[PDB]
Each structure stands twice: as structure tokens, then as C-alpha cells.
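Trainee: This is final.cif (mmCIF, C-alpha atoms).
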data_target
#
loop_
_atom_site.group_PDB
_atom_site.id
_atom_site.type_symbol
_atom_site.label_atom_id
_atom_site.label_comp_id
_atom_site.auth_asym_id
_atom_site.auth_seq_id
_atom_site.Cartn_x
_atom_site.Cartn_y
_atom_site.Cartn_z
ATOM 1 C CA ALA A 944 8.806 -26.005 64.936
ATOM 2 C CA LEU A 945 10.686 -26.543 61.643
ATOM 3 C CA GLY A 946 11.029 -22.866 60.837
ATOM 4 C CA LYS A 947 14.667 -22.625 59.780
ATOM 5 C CA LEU A 948 14.287 -25.592 57.407
ATOM 6 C CA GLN A 949 11.241 -24.201 55.582
ATOM 7 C CA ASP A 950 12.923 -20.803 55.204
ATOM 8 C CA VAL A 951 15.637 -22.041 52.831
ATOM 9 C CA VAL A 952 13.059 -24.027 50.843
ATOM 10 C CA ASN A 953 10.811 -20.974 50.479
ATOM 11 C CA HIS A 954 13.834 -18.888 49.472
ATOM 12 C CA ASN A 955 14.939 -21.410 46.827
ATOM 13 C CA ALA A 956 11.333 -21.550 45.570
ATOM 14 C CA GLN A 957 10.837 -17.778 45.335
ATOM 15 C CA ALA A 958 14.232 -17.408 43.637
ATOM 16 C CA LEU A 959 12.962 -19.709 40.875
ATOM 17 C CA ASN A 960 9.455 -18.208 40.768
ATOM 18 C CA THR A 961 10.807 -14.657 40.443
ATOM 19 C CA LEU A 962 13.303 -15.734 37.764
ATOM 20 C CA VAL A 963 10.539 -16.967 35.432
ATOM 21 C CA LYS A 964 8.186 -14.004 35.978
ATOM 22 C CA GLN A 965 10.830 -11.582 34.665
ATOM 23 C CA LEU A 966 10.740 -13.213 31.217
ATOM 24 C CA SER A 967 7.362 -11.539 30.591
ATOM 25 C CA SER A 968 8.815 -8.097 31.398
ATOM 26 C CA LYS A 969 9.945 -6.042 28.406
ATOM 27 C CA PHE A 970 13.234 -4.204 29.003
ATOM 28 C CA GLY A 971 12.524 -1.560 26.356
ATOM 29 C CA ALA A 972 11.209 -3.596 23.426
ATOM 30 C CA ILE A 973 7.804 -3.758 21.740
ATOM 31 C CA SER A 974 7.149 -7.342 22.890
ATOM 32 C CA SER A 975 8.311 -10.041 25.298
ATOM 33 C CA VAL A 976 8.023 -13.257 23.271
ATOM 34 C CA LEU A 977 11.171 -14.047 21.296
ATOM 35 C CA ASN A 978 9.324 -14.898 18.063
ATOM 36 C CA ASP A 979 7.676 -11.471 17.878
ATOM 37 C CA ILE A 980 10.519 -9.038 17.160
ATOM 38 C CA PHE A 981 12.025 -11.294 14.465
ATOM 39 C CA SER A 982 8.611 -11.402 12.759
ATOM 40 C CA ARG A 983 7.658 -7.705 12.522
ATOM 41 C CA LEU A 984 10.910 -5.713 12.185
ATOM 42 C CA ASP A 985 13.852 -5.554 9.793
ATOM 43 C CA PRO A 986 17.324 -6.881 10.706
ATOM 44 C CA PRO A 987 18.741 -3.353 11.213
ATOM 45 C CA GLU A 988 16.068 -2.824 13.880
ATOM 46 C CA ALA A 989 15.872 -6.460 15.014
ATOM 47 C CA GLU A 990 19.559 -6.578 15.971
ATOM 48 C CA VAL A 991 18.980 -3.391 18.005
ATOM 49 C CA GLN A 992 15.679 -4.017 19.810
ATOM 50 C CA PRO B 499 -0.408 24.916 -10.617
ATOM 51 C CA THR B 500 3.223 25.966 -11.126
ATOM 52 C CA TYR B 501 4.011 26.154 -7.420
ATOM 53 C CA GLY B 502 7.175 25.210 -5.571
ATOM 54 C CA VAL B 503 8.260 21.671 -4.791
ATOM 55 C CA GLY B 504 7.609 22.002 -1.065
ATOM 56 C CA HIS B 505 4.366 23.894 -1.665
ATOM 57 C CA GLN B 506 2.809 20.904 -3.440
ATOM 58 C CA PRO B 507 0.358 18.987 -1.212
ATOM 59 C CA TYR B 508 0.771 15.338 -0.255
ATOM 60 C CA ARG B 509 -2.069 12.889 0.310
ATOM 61 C CA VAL B 510 -0.969 10.970 3.410
ATOM 62 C CA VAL B 511 -2.479 7.772 4.833
ATOM 63 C CA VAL B 512 -1.608 6.755 8.396
ATOM 64 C CA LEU B 513 -3.399 3.397 8.580
ATOM 65 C CA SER B 514 -2.438 1.461 11.709
ATOM 66 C CA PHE B 515 -3.031 -1.988 13.189
ATOM 67 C CA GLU B 516 -3.354 -3.633 16.617
ATOM 68 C CA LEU B 517 -1.267 -6.764 17.212
ATOM 69 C CA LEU B 518 -2.743 -8.534 20.244
ATOM 70 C CA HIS B 519 -4.503 -11.727 21.339
ATOM 71 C CA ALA B 520 -7.859 -10.920 19.718
ATOM 72 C CA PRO B 521 -8.865 -13.036 16.688
ATOM 73 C CA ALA B 522 -7.121 -11.509 13.694
ATOM 74 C CA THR B 523 -9.131 -10.560 10.609
ATOM 75 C CA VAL B 524 -6.761 -8.968 8.063
ATOM 76 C CA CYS B 525 -3.754 -11.151 7.237
ATOM 77 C CA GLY B 526 -1.290 -11.682 4.418
ATOM 78 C CA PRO B 527 -1.768 -14.223 1.624
ATOM 79 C CA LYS B 528 -0.312 -17.568 2.701
ATOM 80 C CA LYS B 529 -1.317 -21.238 2.681
ATOM 81 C CA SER B 530 -2.154 -23.944 5.221
ATOM 82 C CA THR B 531 -1.084 -27.536 5.845
ATOM 83 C CA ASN B 532 -2.277 -30.512 7.867
ATOM 84 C CA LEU B 533 -1.973 -30.659 11.657
ATOM 85 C CA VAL B 534 0.181 -33.325 13.306
ATOM 86 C CA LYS B 535 -0.424 -34.214 16.953
ATOM 87 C CA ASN B 536 2.280 -36.469 18.443
ATOM 88 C CA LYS B 537 5.269 -34.860 16.742
ATOM 89 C CA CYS B 538 7.545 -31.967 17.717
ATOM 90 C CA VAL B 539 7.193 -29.556 14.784
ATOM 91 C CA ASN B 540 7.142 -25.858 13.971
ATOM 92 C CA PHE B 541 3.853 -23.956 14.082
ATOM 93 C CA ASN B 542 2.740 -20.538 12.808
ATOM 94 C CA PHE B 543 -0.757 -20.398 14.290
ATOM 95 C CA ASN B 544 -2.312 -17.000 13.496
ATOM 96 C CA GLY B 545 0.982 -15.132 13.865
ATOM 97 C CA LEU B 546 2.037 -17.083 16.948
ATOM 98 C CA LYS B 547 5.237 -18.741 15.705
ATOM 99 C CA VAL C 350 -7.502 17.178 8.088
ATOM 100 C CA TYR C 351 -10.818 18.798 9.046
ATOM 101 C CA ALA C 352 -12.898 15.671 8.319
ATOM 102 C CA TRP C 353 -11.177 12.302 8.622
ATOM 103 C CA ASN C 354 -12.034 9.218 6.558
ATOM 104 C CA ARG C 355 -11.750 6.285 8.984
ATOM 105 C CA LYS C 356 -12.859 3.000 7.392
ATOM 106 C CA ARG C 357 -12.563 0.056 9.794
ATOM 107 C CA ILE C 358 -12.141 -2.788 7.296
ATOM 108 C CA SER C 359 -13.073 -6.420 7.988
ATOM 109 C CA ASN C 360 -11.528 -9.851 7.425
ATOM 110 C CA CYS C 361 -9.839 -10.345 4.049
ATOM 111 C CA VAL C 362 -6.663 -11.677 2.429
ATOM 112 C CA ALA C 363 -5.404 -8.292 1.221
ATOM 113 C CA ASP C 364 -1.775 -8.545 0.112
ATOM 114 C CA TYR C 365 0.081 -5.496 1.427
ATOM 115 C CA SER C 366 2.610 -5.827 -1.428
ATOM 116 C CA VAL C 367 0.249 -4.146 -3.904
ATOM 117 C CA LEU C 368 1.051 -0.434 -3.478
ATOM 118 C CA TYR C 369 4.748 -1.082 -4.189
ATOM 119 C CA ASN C 370 4.135 0.458 -7.646
ATOM 120 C CA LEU C 371 2.313 3.580 -6.449
ATOM 121 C CA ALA C 372 2.957 7.179 -7.503
ATOM 122 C CA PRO C 373 6.595 8.365 -7.399
ATOM 123 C CA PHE C 374 8.093 9.232 -3.999
ATOM 124 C CA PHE C 375 6.186 6.638 -1.961
ATOM 125 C CA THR C 376 7.846 6.810 1.441
ATOM 126 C CA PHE C 377 7.299 4.010 3.980
ATOM 127 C CA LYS C 378 8.303 5.119 7.495
ATOM 128 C CA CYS C 379 6.983 2.285 9.656
ATOM 129 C CA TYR C 380 7.646 3.247 13.292
ATOM 130 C CA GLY C 381 7.119 -0.110 14.964
ATOM 131 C CA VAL C 382 6.933 -2.598 12.088
ATOM 132 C CA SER C 383 8.822 -3.317 8.869
ATOM 133 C CA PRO C 384 7.565 -2.547 5.340
ATOM 134 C CA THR C 385 8.674 -5.773 3.642
ATOM 135 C CA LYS C 386 7.619 -7.823 6.690
ATOM 136 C CA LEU C 387 3.917 -7.010 6.191
ATOM 137 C CA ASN C 388 3.290 -10.295 4.370
ATOM 138 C CA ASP C 389 2.990 -12.942 7.125
ATOM 139 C CA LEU C 390 1.550 -11.249 10.233
ATOM 140 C CA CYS C 391 -2.184 -11.510 10.925
ATOM 141 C CA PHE C 392 -3.457 -8.119 12.072
ATOM 142 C CA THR C 393 -6.627 -7.797 14.134
ATOM 143 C CA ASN C 394 -8.157 -4.623 12.667
ATOM 144 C CA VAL C 395 -6.744 -1.876 10.442
ATOM 145 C CA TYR C 396 -7.741 1.756 11.060
ATOM 146 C CA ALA C 397 -7.261 3.711 7.838
ATOM 147 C CA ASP C 398 -7.302 7.491 7.495
ATOM 148 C CA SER C 399 -7.226 10.159 4.794
ATOM 149 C CA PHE D 400 24.396 0.538 -13.599
ATOM 150 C CA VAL D 401 22.108 3.093 -15.226
ATOM 151 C CA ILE D 402 19.136 2.743 -12.885
ATOM 152 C CA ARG D 403 17.151 5.978 -12.709
ATOM 153 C CA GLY D 404 14.339 7.708 -10.852
ATOM 154 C CA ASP D 405 13.582 7.833 -7.149
ATOM 155 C CA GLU D 406 14.426 4.117 -7.101
ATOM 156 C CA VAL D 407 18.056 5.280 -7.066
ATOM 157 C CA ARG D 408 17.308 6.767 -3.650
ATOM 158 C CA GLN D 409 15.374 3.586 -2.853
ATOM 159 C CA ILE D 410 18.583 1.620 -3.523
ATOM 160 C CA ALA D 411 19.652 0.845 0.057
ATOM 161 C CA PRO D 412 20.106 -2.127 2.435
ATOM 162 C CA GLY D 413 16.556 -3.436 2.564
ATOM 163 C CA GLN D 414 13.684 -1.174 1.465
ATOM 164 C CA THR D 415 12.446 -3.558 -1.223
ATOM 165 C CA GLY D 416 10.519 -1.716 -3.930
ATOM 166 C CA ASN D 417 9.244 -2.378 -7.431
ATOM 167 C CA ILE D 418 12.631 -1.842 -9.136
ATOM 168 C CA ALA D 419 15.311 -2.442 -6.479
ATOM 169 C CA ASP D 420 14.382 -6.147 -6.345
ATOM 170 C CA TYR D 421 15.502 -7.404 -9.772
ATOM 171 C CA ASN D 422 18.047 -4.665 -10.581
ATOM 172 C CA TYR D 423 20.781 -4.745 -7.921
ATOM 173 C CA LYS D 424 21.158 -6.055 -4.381
ATOM 174 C CA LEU D 425 23.951 -6.407 -1.827
ATOM 175 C CA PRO D 426 24.384 -8.574 1.282
ATOM 176 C CA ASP D 427 23.011 -7.204 4.541
ATOM 177 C CA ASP D 428 26.251 -5.461 5.507
ATOM 178 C CA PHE D 429 26.874 -2.861 2.750
ATOM 179 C CA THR D 430 30.498 -2.307 3.769
ATOM 180 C CA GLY D 431 31.000 0.405 1.190
ATOM 181 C CA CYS D 432 29.506 3.405 -0.572
ATOM 182 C CA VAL D 433 27.126 4.107 -3.457
ATOM 183 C CA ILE D 434 27.645 7.126 -5.734
ATOM 184 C CA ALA D 435 24.876 8.382 -8.009
ATOM 185 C CA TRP D 436 24.588 11.309 -10.389
ATOM 186 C CA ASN D 437 21.916 12.726 -12.687
ATOM 187 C CA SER D 438 22.928 11.926 -16.277
ATOM 188 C CA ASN D 439 20.244 14.097 -17.856
ATOM 189 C CA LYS D 440 22.345 15.814 -20.534
ATOM 190 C CA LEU D 441 24.952 13.019 -20.548
ATOM 191 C CA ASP D 442 22.969 9.903 -21.536
ATOM 192 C CA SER D 443 19.928 11.591 -23.097
ATOM 193 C CA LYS D 444 18.668 8.857 -25.439
ATOM 194 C CA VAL D 445 15.175 8.766 -26.930
ATOM 195 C CA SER D 446 15.280 5.353 -28.642
ATOM 196 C CA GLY D 447 18.419 3.914 -27.042
ATOM 197 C CA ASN D 448 16.485 1.252 -25.139
#
As C-alpha cells, please, write out the structure in this file.
Mentor:
Amino acid sequence: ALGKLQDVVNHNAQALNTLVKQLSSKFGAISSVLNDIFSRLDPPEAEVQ
Amino acid sequence: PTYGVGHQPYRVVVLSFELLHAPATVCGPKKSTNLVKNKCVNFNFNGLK
Amino acid sequence: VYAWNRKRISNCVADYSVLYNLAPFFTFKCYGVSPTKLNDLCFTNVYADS
Amino acid sequence: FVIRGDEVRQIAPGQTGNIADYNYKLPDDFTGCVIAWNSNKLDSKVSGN
């Protein structure tokens, strides 16, 4: 019955759920947490990775 | 005995680690402090900063 | 290289800044970590070799 | 300065050793160059410590 009203809510919910699950995805680094690269590498490699 | 510079051998050690969620055993020499509860502070719990 | 010497060490407080006065030409090519940064991280287990 | 040995090669941005710590150090930019030469026959001093 209320199909077109739940669609926008589900879209706005999945847009927020998919935006927070991509923070655990490494884009080419050795870790995902912010306080992991600045605690194991040197600045010349930290400012790169 | 009187061989070339490049011909001399080299004792090489390739010791490696494994940084993950398992309880760490080998760590650097540091100290510890008390633990506050209802206070926004900085923490360095077992590497997790 | 024919027979490795793998000694899986246990928990300790070994300071990695001890071999900084080793024999001449002591290269430190850490591919993944930093040499001077090995003083605050808590490693799980170290796998040595010889 | 008259620093000598392989620690001359160790003189670089970072790469803290046993001599490069309390001998000479630059900020973490090194916007310049570093010349070095072997003064074997130039400054050969036995008791000129």
C-alpha cells in the first residue's frame, strides 16, 4: 500500500549504511584505521600511504 | 680470507611480526597509568591508539 | 639457507633499540614498518630466521 | 663536520642510528644537499682527538 513512501526511506537508509561500510575498505594501504599508519611508518611513507 | 668486497658473506636475519587482533606478547618498553572511566581521554591500549 | 633457525619467541619487554650499535654496515630495510618506530607497537609473535 | 664511517651514509632524513642522533640533524624537509669526502690522507691524525 505505502510502497512509494518506503522506497525513499530505504534508499536514504542504504545510502548511509553503504557510506559507513566503505571506511573499513583499504584503498591501497596496509590498514584501515587512521591510528595505524601513523604508528608504524615513517613520515616519508606516512604522507604517501 | 683476502676475497673481494662483494664476495664476502653476510649473515642476514629476516625476523617478521604479525600485527592483528590476537593478544600481543612482544612489545616495546613503556609504562602504564591509571584508568579513568567517566572522562574523554586518550588511550593506547595494546597498540590500539 | 639449507637449514633455517626459526625460534618463535614468547612474551617479553625486549627493546628493539639494542642492535643500533651492531657491526658496521647494518642496513634496516623495513618493507611495511619503520625502523625507529619499533618502540611502541605491541607485536603478537616474532618469527626469527638465520 | 668531521663525522666519519658508514654513519656518514647513515646521515639522512630519519634513519636514526647510534651516531646520527647526537651529531647532526635537520628538520624533516632537507631542502638542500650534503657533500661528503674521504679525508684519509688529508686529516690523518693519530692523537689529534
Trainee: Applied to this file, what does the PyMOL selection byres ((chain D) within 9 of (chain A)) return in terms of residues, put as a list in words?
Mentor: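 That selection, the PyMOL selection byres ((chain D) within 9 of (chain A)), comes back as residues 412, 413 and 427 of chain D.
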Trainee: Nearest to chain C: which of D:416, D:444, D:401, D:409 is it, counting only C-alpha atoms?
Mentor: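 Nearest to chain C: D:416.
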Trainee: Could you list, as a PyMOL selection string, every residue matched by the PyMOL selection byres ((chain B) within 12 of (chain A)) in this structure?
Mentor: chain B and resi 517-518+540-542+545-547
Trainee: Keeping C-alpha atoms for every residue in the selection just given, could you write it to a file as a compact mmCIF listing (two decimals), in the coordinates of the input?
Mentor:
# COMPACT_ATOMS: atom_id res chain seq x y z
CA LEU B 517 -1.27 -6.76 17.21
CA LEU B 518 -2.74 -8.53 20.24
CA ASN B 540 7.14 -25.86 13.97
CA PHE B 541 3.85 -23.96 14.08
CA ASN B 542 2.74 -20.54 12.81
CA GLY B 545 0.98 -15.13 13.86
CA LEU B 546 2.04 -17.08 16.95
CA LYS B 547 5.24 -18.74 15.70
Trainee: Can you tell me which residues surround residue 403 (chain D) at a distance of at most 12 Å, considering all atoms listed in the file, apart from same-chain residues fewer than 6 positions away, and format the answer as a list in words?
Mentor: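 Here the answer would be residues 409, 410, 418, 419, 422, 435, 436, 437, 438, 439 and 442 of chain D.
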Trainee: Could you save those same residues with C-alpha atoms as a PDB file, keeping the file's coordinate frame?
Mentor:
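The file below, result_36.pdb, is the result:
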ATOM      1  CA  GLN D 409      15.374   3.586  -2.853  1.00  0.00           C
ATOM      2  CA  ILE D 410      18.583   1.620  -3.523  1.00  0.00           C
ATOM      3  CA  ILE D 418      12.631  -1.842  -9.136  1.00  0.00           C
ATOM      4  CA  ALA D 419      15.311  -2.442  -6.479  1.00  0.00           C
ATOM      5  CA  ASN D 422      18.047  -4.665 -10.581  1.00  0.00           C
ATOM      6  CA  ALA D 435      24.876   8.382  -8.009  1.00  0.00           C
ATOM      7  CA  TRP D 436      24.588  11.309 -10.389  1.00  0.00           C
ATOM      8  CA  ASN D 437      21.916  12.726 -12.687  1.00  0.00           C
ATOM      9  CA  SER D 438      22.928  11.926 -16.277  1.00  0.00           C
ATOM     10  CA  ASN D 439      20.244  14.097 -17.856  1.00  0.00           C
ATOM     11  CA  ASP D 442      22.969   9.903 -21.536  1.00  0.00           C
TER      12      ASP D 442
END
Trainee: Take the PyMOL selection byres ((chain B) within 9 of (chain C)), run it mentally on this structure, and tell me the resulting residues as a PyMOL selection string.
Mentor: chain B and resi 509-528+544-546
Trainee: Tell me as a list in words which residues belonging to chain D come within 8 Å of chain C, counting only C-alpha atoms.
Mentor: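 Output check: residues 405, 414, 415, 416 and 417 of chain D.
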Trainee: In Å, how far is it from CA of residue 989 (chain A) to CA of residue 428 (chain D)?
Mentor: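 Going from CA of residue 989 (chain A) over to CA of residue 428 (chain D) covers 14.1 Å.
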Trainee: Using all atoms listed in the file and a distance of at most 9 Å, pull out the residues of chain A that contact chain C, as an NGL selection string.
Mentor: :A and (973 or 980 or 982-985 or 988)
Trainee: Using all atoms listed in the file and a cutoff of 7 Å, can you tell me which residues are near (14.0, -7.0, 23.9) in the file's coordinates, and write them out as a ChimeraX atom specification?
Mentor: /A:969-972,974-975,992
Trainee: What is the CA of residue 964 (chain A) to CA of residue 991 (chain A) distance in Å?
Mentor: 23.5 Å
Trainee: Could you work out an axis-aligned box for region 513-527 of chain B, taking every atom the file lists and adding 8 Å on each side, and report centre and edge lengths in Å to one decimal, as AutoDock Vina command-line options?
Mentor:
--center_x -5.2 --center_y -5.4 --center_z 11.5 --size_x 23.9 --size_y 33.6 --size_z 35.7
